[PDB]
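**Student:** Below you'll find the structure I mean.
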6 protein chains.
Amino acid sequence: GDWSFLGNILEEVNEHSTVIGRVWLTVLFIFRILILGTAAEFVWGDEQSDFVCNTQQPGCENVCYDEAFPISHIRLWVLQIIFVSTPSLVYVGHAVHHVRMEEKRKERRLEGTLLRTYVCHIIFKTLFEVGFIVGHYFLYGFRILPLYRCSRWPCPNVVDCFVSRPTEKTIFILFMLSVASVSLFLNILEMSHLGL
Amino acid sequence: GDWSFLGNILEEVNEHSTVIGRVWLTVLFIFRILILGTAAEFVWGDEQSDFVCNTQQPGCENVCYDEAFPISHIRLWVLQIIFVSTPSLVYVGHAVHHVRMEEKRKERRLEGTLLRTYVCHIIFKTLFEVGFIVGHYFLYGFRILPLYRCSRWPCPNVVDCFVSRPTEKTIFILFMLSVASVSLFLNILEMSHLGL
Amino acid sequence: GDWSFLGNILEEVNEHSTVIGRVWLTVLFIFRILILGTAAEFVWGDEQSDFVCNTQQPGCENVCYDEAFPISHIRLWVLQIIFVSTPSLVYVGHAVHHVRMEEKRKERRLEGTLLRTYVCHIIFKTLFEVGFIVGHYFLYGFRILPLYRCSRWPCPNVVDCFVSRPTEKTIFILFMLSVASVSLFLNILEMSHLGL
Amino acid sequence: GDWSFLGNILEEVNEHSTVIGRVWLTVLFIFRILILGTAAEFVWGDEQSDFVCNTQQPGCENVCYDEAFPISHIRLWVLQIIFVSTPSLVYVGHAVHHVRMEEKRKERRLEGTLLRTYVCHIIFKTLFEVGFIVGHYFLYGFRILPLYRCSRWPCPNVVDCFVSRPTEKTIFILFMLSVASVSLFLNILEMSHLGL
Amino acid sequence: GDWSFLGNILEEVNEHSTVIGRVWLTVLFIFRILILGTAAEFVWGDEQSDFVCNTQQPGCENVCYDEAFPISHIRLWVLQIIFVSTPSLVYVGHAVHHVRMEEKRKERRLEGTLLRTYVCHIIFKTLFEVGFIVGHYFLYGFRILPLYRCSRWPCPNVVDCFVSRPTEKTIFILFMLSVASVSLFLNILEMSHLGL
Amino acid sequence: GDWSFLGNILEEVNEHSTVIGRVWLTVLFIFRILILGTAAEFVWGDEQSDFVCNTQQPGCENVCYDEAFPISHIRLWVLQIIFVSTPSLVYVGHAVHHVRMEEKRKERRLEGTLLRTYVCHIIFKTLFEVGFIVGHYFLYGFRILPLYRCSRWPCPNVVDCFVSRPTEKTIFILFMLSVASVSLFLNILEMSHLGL
């Protein structure tokens with residue numbers, strides 16, 4: 001996973017953001033992207049290969065892994081990162097559009113419409129963070145148990161399947177939840193600081 | 001997969017495109033290339049290794065995977081990305097050719113023929129996006145089912161084969177479809193904005 | 001596969017080539033190198049590991065894969081890329097040699113001998129492209145069939161072996177053939193444009 | 001694992017730190033990050049794949065690996081690196097915030113509040129290092145024994161499981177402990193040097 | 001395999017070498033290093049994993065692979081590349097040492113001792129190339145046959161072992177031999193051009 | 001393994017070292033780091049996966065590999081590289097500290113204390129090189145034999161285990177020993193050149 005493109009564009013908008021937005025962005029780079037690439041990706045690497053079911057039924061392990069894990073937590077966190085970063089991109093686009101307009105108009109900072117855009121970007125970041133948190137909760141909760149019982153066809157009756165590294169995965173699930181909540185708190189502080 | 005070459009050339013044509021073309025390009029980099037490399041590629045990594053068929057027939061799994069998946073979705077999205085990016089390259093080539101001509105002629109922006117070229121590039125992008133969407137639909141639809149039934153020789157009669165990660169794959173199929181449709185809408189907005 | 005060295009040297013000779021040579025080079029970077037690294041390499045990744053033969057004979061699968069695939073298509077395309085790029089390197093070497101000579105002589109563009117060299121480079125590119133196309137045809141044709149029948153010792157009598165991903169491989173074989181033919185047409189256009 | 005982001009930001013704060021802080025940072029880069037990526041990661045690569053248990057019970061190896069290794073040492077060292085680096089980031093943020101304020105105020109080094117912040121950053125680094133050391137001790141100690149006995153369900157009675165590379169892992173555990181303790185000593189020297 | 005260090009230093013000595021030395025260096029980068037990383041390394045990737053012997057004897061395949069392939073061709077070509085590049089490094093060191101001396105002496109091109117050093121560097125390159133060619137011949141010849149017969153203990157009597165991809169390996173062996181011989185011819189031309 | 005950090009810092013101290021220290025550093029980059037990453041790492045890649053023992057005893061192969069190879073040669077060479085490079089870092093730190101002091105004092109080369117530091121750095125490099133050589137000898141000698149006999153529990157009685165690629169490993173062991181000894185000779189020459 002090469003995050004160079006997103007990185008370069010978000011460090012562009014480091015220069016154009018509040019101090020609390022610079023903290024938010026540093027958190028995104030260090031506690032989410034870096035963790036994902038240096039730790040979480042390896043934890044989930046053998047998610048299906050080490051998933052085992054007590055059965056001689058061909059196909060059962062496939063369908064039971066798929067039912068237990070409709071989308072891997074790591075893919076969900078990738079999507080979360082991209083969607084929470086998208087409003088920053090929108091804002092920096094608006095800002096650069098104004099810089100190029102000012103240059104052109106001459107040929108021919110957080111005030112006015114850039115403030116409304118910044119506040120909206122904060123709002124959307126907050127809502128997307130909340131949405132991904134809630135979705136994670138309803139999909140998986142915040143704990144992976146070792147045992148998963150499966151009755152999906154072709155599995156005969158109910159079969160016992162065993163998850164890879166449930167405890168390490170639980171630790172990283174809770175870590176990512178905490179990081180997301182810190183991000184939410186930072187966004188709240190941004191709104192308060194702007195208001196006051 | 002190293003997209004550095006294409007990246008550098010398309011960020012060259014960031015400078016020479018409309019604001020809506022800059023949004024289109026950002027979408028290409030973040031929601032297509034980045035997703036493909038940080039998420040989709042890993043989802044499809046074990047596509048054949050975890051594809052299983054209920055048979056003792058040598059060769060059957062090979063032919064049944066090949067019949068179910070004549071071309072992996074990820075390869076199809078790579079091709080789509082390159083073909084939808086090709087008209088941008090043509091346009092930037094025309095533009096740089098005019099810049100070098102102007103420099104030479106001196107030794108010796110979206111107006112005139114560059115406008116016709118830009119509009120044609122938008123048209124071709126739209127048509128290629130539509131073509132890849134339609135091709136995806138006819139080849140696979142927008143859902144991967146866990147079970148695939150196969151009667152290709154050497155398989156005896158009909159055999160039941162089971163796909164790897166059908167649900168996660170379905171999620172990413174729909175995600176990529178939505179991103180492609182957003183790109184189409186952006187191209188339509190480009191044509192409208194130019195007209196008006 | 002790291003193509004950085006070749007890339008840097010061929011983007012050096014972007015500056016010193018015709019507009020049609022810049023199109024040829026862009027095609028080389030995007031439709032050949034990029035495809036190879038982002039798509040084809042993964043398609044052929046399990047070429048021998050998923051090659052299966054219906055036999056209990058030790059050694060047979062090894063010799064039958066080797067007879068079916070004396071050289072993988074991807075290695076052949078790597079060689080093709082390097083050989084079709086070599087004349088460009090020769091030409092840019094001649095050109096830079098003249099630039100350094102002019103600088104020296106001062107201490108002490110496509111005209112003259114650089115034109116003869118450019119035309120010769122086009123000729124050699126054309127001949128190498130044709131040669132690799134013809135060699136591909138005679139070695140493999142343009143279709144990989146699922147079944148390969150093998151009688152190489154130690155295989156007893158004739159054994160049935162099954163190829164990995166024959167259809168996807170056929171798609172990429174035809175795609176690379178088309179890209180090579182486009183390159184040929186571009187070289188022809190270069191010669192015509194120079195003549196006229 | 002790509003540490004480029006963190007690296008660039010910590011080499012930013014090389015310029016703004018004491019000589020002993022530059023030694024601490026060099027130790028972080030060379031003896032922790034570099035060791036982790038060039039050595040430790042490969043030692044732990046086959047941690048679960050080569051973990052074996054003497055049993056015919058489906059699921060037992062999964063639960064026994066998970067009980068023996070709730071979190072891999074390498075993931076724990078990644079977290080440790082990030083948390084001990086976080087206060088440096090806070091300090092450099094404060095410092096750069098003051099530099100940008102001074103620039104602005106003009107439009108309109110370790111003294112004052114930057115000294116309090118630097119001392120606090122040292123304190124937090126020390127406490128986090130101590131906490132990770134203590135946590136490592138209580139979780140695993142400083143030795144990995146080859147044999148792990150496991151009675152977690154579904155394992156019948158007590159089963160004997162065998163760890164991959166216990167001795168090499170013990171060597172690297174002790175090496176990382178020593179490096180952490182050197183870092184602690186460096187922080188103590190920082191506080192003393194500032195006081196005197 | 002990261003050749004960045006060697007690359008940067010040899011492109012330093014591009015600037016300080018003859019035109020024929022620039023051709024030699026381009027050949028080294030494109031036809032040896034690039035081939036090795038984009039093609040040969042993958043051909044030899046499954047050298048031991050796909051090496052099979054017709055035996056039920058534990059250990060036999062290990063000892064028979066080791067006897068057949070005391071050193072993989074790819075490792076031998078890596079060593080060859082480094083040793084044939086070493087004299088270039090010596091020469092560029094001498095040249096830069098003279099440049100820094102001239103700068104110093106001021107504070108306080110291929111003529112004289114730099115010519116003797118250049119000629120010696122050519123001589124050593126030639127001798128090392130010849131030595132690696134001869135060593136390759138005596139160790140393996142220039143053909144890998146599919147069958148290798150092995151009588152090394154613990155193998156009982158003589159066992160038949162089968163090599164992975166003998167034909168593709170033979171093609172690349174001959175290709176690398178030809179590239180080495182081209183390098184030799186280039187060195188001879190260097191000596192002649194200097195003499196005349 | 002990413003050596004970029006160490007590389008950049010050691011090429012910083014290229015500028016501040018003797019000619020013999022520049023040779024030592026080039027040897028470190030080319031004959032140790034580059035060999036390790038382009039050759040040795042692949043030779044040792046299947047060290048445990050291809051290690052086989054003639055036994056039906058669960059756990060025996062694990063404990064016997066661990067007893068035969070308490071620390072892989074490649075990890076030992078990584079540690080050696082870092083420790084022999086550490087004194088260079090100390091010296092360059094002292095030198096840069098003096099450069100920044102001189103700049104400051106103005107606001108307000110190998111002579112004096114920098115000579116003592118340089119000599120001490122040479123001494124420590126020599127001692128660490130000798131120590132790693134001696135440790136290698138006592139741990140493994142300079143030859144890996146194919147057969148390793150093991151009586152570690154749970155292995156019943158004495159079992160015969162077979163090492164992966166003993167001959168290639170022996171070649172690289174001797175190569176690295178020779179490179180280390182060349183480094184020692186270079187350090188001796190440094191001391192002599194400084195004395196005379």
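First residue shown is number 1, and so on along the chain.
Placement of Cβ uses the backbone N, Cα and C atoms for every residue, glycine included.
Residues annotated as disulfide bond in Swiss-Prot: D:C53-D:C161, D:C60-D:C155, D:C64-D:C150. Under the heading intramembrane segment, Swiss-Prot lists D:1-11, citing experimental evidence as support. Residues or ranges marked as topological domain 'Cytoplasmic' by Swiss-Prot: D:12-20. According to Swiss-Prot, the topological domain 'Extracellular' annotation covers D:42-70, D:143-170, on the basis of experimental evidence. Residues or ranges marked as transmembrane segment by Swiss-Prot: D:21-41, D:71-91, D:122-142, D:171-191.
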**Student:** Which listed range (D:71-91, D:122-142, D:171-191) shows the maximal number of Cβ pairs under 8 Å with respect to the transmembrane segment (D:21-41)?
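**Tutor:** By Cβ pairs under 8 Å, D:171-191 leads among D:71-91, D:122-142, D:171-191.
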**Student:** Within 10 angstroms of the C-beta of D:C155 (disulfide bond), what count of other C-beta atoms is obtained when all protein chains are considered?
**Tutor:** 21
**Student:** For D:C150 (disulfide bond) and D:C161 (disulfide bond), what Cα-Cα distance in Å is obtained after rounding to a whole number?
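**Tutor:** Each residue's Cα considered, D:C150 (disulfide bond) and D:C161 (disulfide bond) end up 7 Å apart.
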**Student:** Return only the integer: C-alpha distance in Å from D:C60 (disulfide bond) to D:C161 (disulfide bond).
**Tutor:** 10
**Student:** According to DSSP, does D:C60 (disulfide bond) sit in a helix, a strand, or coil?
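**Tutor:** Once the DSSP labels are grouped into three classes, D:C60 (disulfide bond) ends up as helix.
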**Student:** Are there residues at least 6 beyond the ends of the topological domain 'Extracellular' (D:42-70) whose Cβ is under 8 Å from a Cβ of it, and what are they?
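**Tutor:** Non-local partners: 139, 148, 150, 152-156, 159-165, 168-169, 172.
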**Student:** Please report the distance from the Cα of D:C53 (disulfide bond) to the Cα of D:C155 (disulfide bond), rounded to the nearest angstrom.
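**Tutor:** About 10 Å separates the two Cα atoms.
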**Student:** List, in sequence order, the same-chain residues at least six positions removed whose CB sits under 8 Å from that of D:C161 (disulfide bond)?
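**Tutor:** Spatial neighbours, sequence-distant, of D:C161 (disulfide bond): D:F51, D:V52, D:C53, D:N54, D:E61, D:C64, D:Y65, D:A68, D:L147, D:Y148, D:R149, D:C150.
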**Student:** Can you count the other CB atoms that lie within 10 A of the CB of D:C53 (disulfide bond)?
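**Tutor:** Around the Cβ of D:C53 (disulfide bond), 22 other Cβ atoms lie within 10 Å.
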**Student:** For the topological domain 'Extracellular' (D:143-170), find every same-chain residue at least 6 residues outside the stretch whose CB is under 8 Å from a CB in it, and list them.
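**Tutor:** Answer is 43-44, 46-47, 49-55, 57-61, 63-65, 67-68, 73.
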**Student:** If we skip the immediate neighbours and take only residues 6+ beyond the ends of the topological domain 'Cytoplasmic' (D:12-20), which ones have a Cβ under 8 Å from one of its Cβ atoms?
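**Tutor:** Distant contacts of the topological domain 'Cytoplasmic' (D:12-20): 88-89, 91-92, 95-96, 109-110, 186, 189-190, 193-194.
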**Student:** Which has the fewest other Cβ atoms within 10 Å: D:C60, D:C64, D:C150, the disulfide-bonded residues listed?
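**Tutor:** Per-residue Cβ counts within 10 Å for the disulfide-bonded residues D:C60, D:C64, D:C150 bottom out at D:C150.
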**Student:** Sort the residues of the topological domain 'Extracellular' (D:143-170) into helix, strand and coil with DSSP and give the three counts.
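**Tutor:** Result for the topological domain 'Extracellular' (D:143-170), in helix, strand, coil order: 5 helix, 8 strand, 15 coil.
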**Student:** By DSSP, what is the split of the topological domain 'Cytoplasmic' (D:12-20) into helix, strand and coil residues?
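**Tutor:** Taking the topological domain 'Cytoplasmic' (D:12-20) as a whole: 3 helix, 0 strand, 6 coil.
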